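In what follows, a single structure is set out as structure tokens and then discussed.
Note: ideal-geometry Cβ built from the backbone for every residue, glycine included; neighbour counts use all protein chains shown. Every number here is computed from the coordinates shown, using simple stated rules; none is lab data.
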Ligand SMILES: CC(=O)N[C@H]1[C@H]([C@H](O)[C@H](O)CO)OC(C(=O)O)=C[C@@H]1O
Ligand SMILES: CC(=O)N[C@H]1[C@H]([C@H](O)[C@H](O)CO)OC(C(=O)O)=C[C@@H]1O
Ligand SMILES: CC(=O)N[C@H]1[C@H]([C@H](O)[C@H](O)CO)OC(C(=O)O)=C[C@@H]1O
Ligand SMILES: CC(=O)N[C@H]1[C@H]([C@H](O)[C@H](O)CO)OC(C(=O)O)=C[C@@H]1O
């Protein structure tokens, strides 16, 4: 009934409480579940949904052969309430795409599915199901967006789309949609920044996004912008390196990509800035995508220290992990006066790691809570391989 | 809450954006999906549904043996939201029939399922589930309707039903239903016109329908009628032949069926008239039903030229295609002031082409959008045959 | 929002139009469908549902072994919208029982599931899910009710429950429930009447029910009662014998059971009285339950003639049939001023007839319609046996 | 629309009527059903749901190997309407936990899922899906709650959480939540009381809970508390011993745990106090968890007699049983002026008893009803083992 308003700070967060695990892949052992990847959560006022880029096939099937590759005319974005296995039975259709992002402005959903050829892909802006606008690749190299939730404030929604090479320098645009209508955009001038798959969240008029450098950064690049899109960038000061792969935590930088041989690649991640401090979600292995923890250098957003301030384990480094996102839960839903930060973790299974013919993922998600919390490990839990 | 009103022109269309693909058949590889064929989309104010003539069985089953033939006491029309696999779980029942058409007048659905013996079939008019009227075959040779969406304007809905031989001359009626009540009908006087499986859409008081000549036309027959049903017919002037099979594009006619040896048969198709121009959806092969593109002779509706004005590829001619429809999205849904034309393509799989014991189809759908667009190929994607 | 009112005559009925077929069993070939039997339809103002007595198992399963017998602590009554396969996915729970009846008073559903031991069974009155009342067997021999829809008028609902031997004389009660509360009941004094599994329908203050004599009647016993329950009985005058088994149509009686060797048994059936005439639904075989047609002696309700007045075939006698019911569609739903009579036919498959380890059923349903109609045969369509 | 109010007595109960059986496990024979355990019902004003602690896998699957053990990062609490098989298709997600309790305050649901390591588990308070509060283990030994429904009165909800050894003395807290916000708590001082898995219900300002002594009680411990939490404890006076295992009914105590060699263990149970009398639900075997009946010593709550006053059989001791719960149905739903007591019985299948690699459970539930009733046996009904 009412729109998500602006001007609200990320509530106090002492520990992450488990919101929901979905055993997607475990149920797919013998159930009718979609082969997935690239999942992420997003809430509106009443319903919180899990979105995902379907490989257009179900687990334990001959059509799941090769689900290791991203992009195909088959890849389709779809939603489902949190915690439930994403099956053709509860899965609602959202868009045709192999990369995308969706958010809500409160009472309605915005869906940005980017499908089409590598050479000249197209974003398709849908609002509550209806196509409302489009955007075509401008640099001609895999236009691609967040692969996570976008943020909306006062009728207006924001996101970020990259387009360039994975190799080195690419190009970045900030959109400002309103009812699915692209009402403006700015070309970000970030020399030496590889920006892509951003994990955003609103923070008082502003919109803060921590993303990934898949060019030469072992730390994360960030970007905070206006209602008009006047930006501000750099990387996360902290030495508790978030990317992956990443080197042993050294002294970090706050404006350049810390290479250290490992920077060269990366994986989607998030982070919440709390003043001078910042909560950092990161994998435990430094070479592979396994395990997952939520750090806490309180000097983190401004200091290059490597000294952290406390860790809550989420997945021991004995199990697999993957894409880490970061949606938010507004104060229109919560009787509260501050936005609640929450995050979900994708546990990838199958290739290129495990000896299977398929590659999909599971998921879990925790929230803010300024109460008590315990750590652990809530992995996928699939006994692999399958009836392959 | 409000009725679909009349007097609205097909919005400006620069390129077709992908609305939704459903991997129906791919999910049926191991999922619980209905063996289908004859699908088509249709929207109302809130929900857009996909309708289809079920073979009364599920894919990869012994009861899917022979799904190649149309018509049976088993064939049943059913709906489901767009993009989702049409399974016994999300599929809603609509009518008993092996041919039909359904539309909305805005707040409610109209369903016309025609079932019964070849010799004396019956149409059954249901409105929001309730039987409201009926119509029996009058010429005694497979009464059959659109096999696509019908159009409604100002409480009143319109459709077209054929009844005659596939061989040559058949007979055609224009209905005018209101709340499922057949409030009038006209016998179309079209000497030398094989009219059937019409793809309609509203265009300002009027109702334009491009159909198929399965008698001796390699081009498409059309028909525009009133609120009172005073019609106007002929074929599409353009030389960019729409039927299939069809001969190489020669100089076309605008009132007679261009035979050229191939005319003899055909397949359902659509087309949107934009003044002197017209958007033409057609298969790439000329002998088989494979591939699919959306043409654009701007002189097309009035000129017999074969010179076209631009092509957006939808399915390379390397994959299968099939029935091509053409629903519309009114301006009551879209805040806009003009109806948005959209179309769906059926990709048929199995017989009579492929070495299987079954025959079903998948689907995709794109919309207007006066923005940018890219072409490609979004085929079914089923690795055939099956566990047959 | 409004209650089903009384005082309305069964609309004019020229022919039966097909409302819905569900290929229950055909989809169960490989789908997740419930092993059923004893189905029947029932509508309320918005939704029409199909109810059924589940064998507490799914088709093609080892737990479907013996589904030939009625009654078990497993048998559970459940609903689902018309036309859809009754699967654990769309099937809504209704009650624990191996015999029952449910109806609506317009805005709410009444459910009467009778479960428990043969010796001392209990009816359980639930209204919109909540238990509201109960009734225990009074004669101690399988208390059992309609096994079809009951009728409600002006806040009040009515049904019929038998209790006695199948062998000969049993006992019958007429209930009068209101919001699931049994507000009165009468003991029917029908010497020489075997009354059970009644197919009812409202007809102007009154409630007419045609049932079955499984004692010594080859024709059907009827019963019309008041708002206070003052009854009137006898059998259907007509010579077009409805029971099954039944002898060749001879001259019938209107108050006694016509034995003729075959009377001894029977199967549920229905019939609609239209003044002096009456529509009769009956099987084609006289020894088995196969085929199904809808007769029409217009002198039928009062005359003992065997001369009929027209037949619409529903299922050739080459396929199986079974329980035949008879719900109604009120005028609160239909803008009309008269109730619309409709009926559903159960096609039983498996034992004791076919060489299977299971026994379930499918269904179809047609309605009034004072328009044109065609006959045919819309059988189950299952290729048996199964993966048994 | 309106909150569940307080001050209402458990309506008169002559016999238990069957509300719903779900053949969970039987449908899982070949259906897509969740491997479950720890189920229990809970109603709100409109919908009654069944909740359960999923083993994060489906029956007849390799991932159901070991479902015999409680607790795992996979165990997740989920709901579904009563009577339906708890499958990934109708099962709604509720929380991440291997122990929990949920209730309604009328218009909304409260969910308390306790997940995490044995050493330091955490309760997570969610209200209508949103995390609203948390509580961490305080004694560091499997914090665990009711494993059944909690009670809410006048905006406020109540429950009970244990934390200590199964061996002997543990510790107990009474919570008082309001909109998921823990607004107070009391540490129960029960020397010599093993309190856990309480079966509660409201009874006029007060909240009565009968639980289980898994330390040295063969009878059940109880606890009645205020709006402020001023408690009162002891055990059930009656000699008709409720725990299990339990010794032959001797003369009972009303404040201490009756050991008798068997007390040492136990299984969840319930009981409703009706003045000086009390309805007792208990297993028939004394060593195993098989069969189930509902006793009635009318002198029971105050007298140590072993003389009972009537038994209604629920499951002969030839079949398996398990956890027995006890939710309630308020008078806001029932037009009535008194709360209706109802109970559900879990029939466990598989290990440690049966020769299977899995362990799950089915369920049934009956209600108050001051009418007639019959006894019987409505067991799971699964033919074991499975395709194991
Ligand atoms: C649009 C697209 O292909 N995104 C892909 C992304 C991308 O290649 C990289 O960020 C360089 O731009 O990488 C990965 C990956 O984790 O292997 C999966 C994504 O689907
Ligand atoms: C009612 C009916 O049978 N329609 C059929 C239609 C028809 O035969 C033809 O248009 C000549 O009238 O052809 C085809 C077809 O593409 O093979 C499938 C349809 O189901
Ligand atoms: C309650 C019950 O068992 N009803 C059964 C009914 C009954 O035995 C008969 O009407 C004599 O009373 O017969 C049949 C039947 O068609 O074989 C199935 C029913 O389930
Ligand atoms: C949190 C937890 O593990 N609860 C378990 C409970 C518990 O161990 C016992 O009550 C001693 O505290 O016992 C049992 C059981 O019937 O075998 C299953 C429960 O899941």
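Annotations
- The stretch B:83-110, residues that are within 16 Å of ligand 2 (Cβ to nearest atom) and either outside any loop (DSSP other than H, G, I, E, B) or surrounded by fewer than 24 Cβ atoms within 10 Å (Cβ to Cβ) (or both): B:95, B:96, B:100, B:101, B:102
- Contacts under 7 angstrom Cβ, first residue in the stretch A:147-160 being farther than 7 Å from residue A:200 by Cβ and within 14 Å of chain B (Cβ to nearest Cβ), partner part of a strand (DSSP E or B) and more than 16 Å from ligand 2 (Cβ to nearest atom), 6 or more apart: A:155/A:178
- Residue check, residue B:261 without any contact (Cβ under 8 Å) to a residue 24 or more places away in the chain and in a loop (DSSP other than H, G, I, E, B): yes
- Restricting the stretch B:350-384 to residues that are touching a helix residue (DSSP H, G or I) at 6+ places or on another chain (Cβ under 8 Å) and more than 8 Å from chain A (Cβ to nearest Cβ), the residue that is nearest to residue B:315 (Cα to Cα): B:380
- Annotation note: of D:6, D:42, the sole residue that is within 20 Å of the chain's Cα centre (by Cα) and either within 9 Å of chain C (Cβ to nearest Cβ) or under 22 Å from residue D:207 (Cα atoms) (or both) is D:42.
- For the stretch C:152-210, the strands (runs of 3 or more DSSP E) that sit wholly inside it and include 3 or more residues that are farther than 21 Å from residue C:4 by Cα and away from ligand 1 (no atom under 16 Å from the Cβ) are C:156-163, C:171-178, C:181-188.
- Picking from residues in the stretch B:56-69 that are within 14 Å of chain A (Cβ to nearest Cβ) and on the phi < 0 side of the Ramachandran plot, the one that is farthest from ligand 4 (Cβ to nearest atom) is B:59.
- Which listed residue, of D:234, D:242, D:266, is within 16 Å of ligand 4 (Cβ to nearest atom), closer than 27 Å to residue D:310 by Cβ and in contact with a strand residue (DSSP E or B) (Cβ under 8 Å, 6 or more places away or on another chain): D:242
- Apart from one condition, residue C:133 fits all of (1) closer than 23 Å to residue D:46 by Cβ; (2) in contact with a helix residue (DSSP H, G or I) (Cβ under 7 Å, 6 or more places away or on another chain); the exception is (2).
- Residue D:117 vs. criteria crowded, with 24+ Cβ neighbours inside 10 Å, more than 16 Å from ligand 3 (Cβ to nearest atom) and more than 18 Å from residue D:151 (Cβ to Cβ): no
- Of all residues in the stretch D:9-39, those satisfying the criterion of being surrounded by fewer than 24 Cβ atoms within 10 Å (Cβ to Cβ) and at the interface with chain C (Cβ under 9 Å from one of its Cβ atoms) are D:15, D:29, D:30.
- Candidates are the residues of the stretch A:321-341 that are more than 14 Å from every other protein chain (Cβ to nearest Cβ) and buried (at least 23 other Cβ atoms within 10 Å of the Cβ); the one that is farthest from residue A:146 (Cα to Cα) is A:322.
- Counting only residues that are assigned to a strand (DSSP E or B) and either within 20 Å of residue B:17 (Cα to Cα) or out of contact with any strand residue (DSSP E or B) (no Cβ under 6 Å at 6 or more places or on another chain) (or both), the stretch A:125-151 holds 12 of them.
- Filtering the stretch A:41-54 for residues that are free of Cβ contacts under 8 Å to residues at least 12 places away in the same chain and surrounded by fewer than 24 Cβ atoms within 10 Å (Cβ to Cβ) leaves an empty set.
- Taken together, C:252, C:291, C:261, C:277 contain a single residue that is more than 16 Å from ligand 1 (Cβ to nearest atom) and either within 14 Å of chain B (Cβ to nearest Cβ) or under 17 Å from the mean Cα position of the chain (by Cα) (or both), which is C:291.
- Options A:96, A:122; residue that is touching a strand residue (DSSP E or B) at 6+ places or on another chain (Cβ under 6 Å), facing another protein chain (nearest Cβ under 9 Å) and in contact (Cβ under 8 Å) with a residue 24 or more places away in the chain: A:96
- Filter pass, residue A:184 being farther than 20 Å from residue A:344 by Cα, more than 14 Å from chain B (Cβ to nearest Cβ), away from ligand 4 (no atom under 16 Å from the Cβ) and out of contact with any helix residue (DSSP H, G or I) (no Cβ under 9 Å at 6 or more places or on another chain): yes
- The residues on offer are D:189, D:167, and the sole one that is free of Cβ contacts under 8 Å to residues at least 24 places away in the same chain, farther than 29 Å from residue D:368 by Cβ and more than 14 Å from chain A (Cβ to nearest Cβ) is D:189.
- Considering the conditions (1) in contact (Cβ under 8 Å) with a residue 40 or more places away in the chain; (2) farther than 18 Å from residue B:346 by Cβ; (3) in contact with a strand residue (DSSP E or B) (Cβ under 9 Å, 6 or more places away or on another chain), residue B:221 is excluded by exactly one of them, (1).
- Applying the criterion of being in contact (Cβ under 8 Å) with a residue 40 or more places away in the chain, more than 14 Å from chain A (Cβ to nearest Cβ) and under 18 Å from the mean Cα position of the chain (by Cα) to the residues of the stretch B:70-93, the residue that is nearest to ligand 1 (Cβ to nearest atom) is B:78.
- Within the stretch B:189-205, the residues that satisfy the criterion of being over 30 Å from residue B:287 (Cβ atoms) and surrounded by fewer than 18 Cβ atoms within 10 Å (Cβ to Cβ) are B:189, B:204, B:205.
- Qualifying residue in the stretch C:245-254 (condition: part of a loop (DSSP other than H, G, I, E, B), more than 16 Å from ligand 2 (Cβ to nearest atom) and within 29 Å of residue C:8 (Cα to Cα)): yes
- One residue stands out in the stretch C:35-72 among those that are away from ligand 3 (no atom under 16 Å from the Cβ) and assigned to a strand (DSSP E or B): the one that is nearest to residue D:23 (Cα to Cα), namely C:58.
- Test: residue D:311 is in contact with a strand residue (DSSP E or B) (Cβ under 7 Å, 6 or more places away or on another chain) and surrounded by fewer than 21 Cβ atoms within 10 Å (Cβ to Cβ): yes
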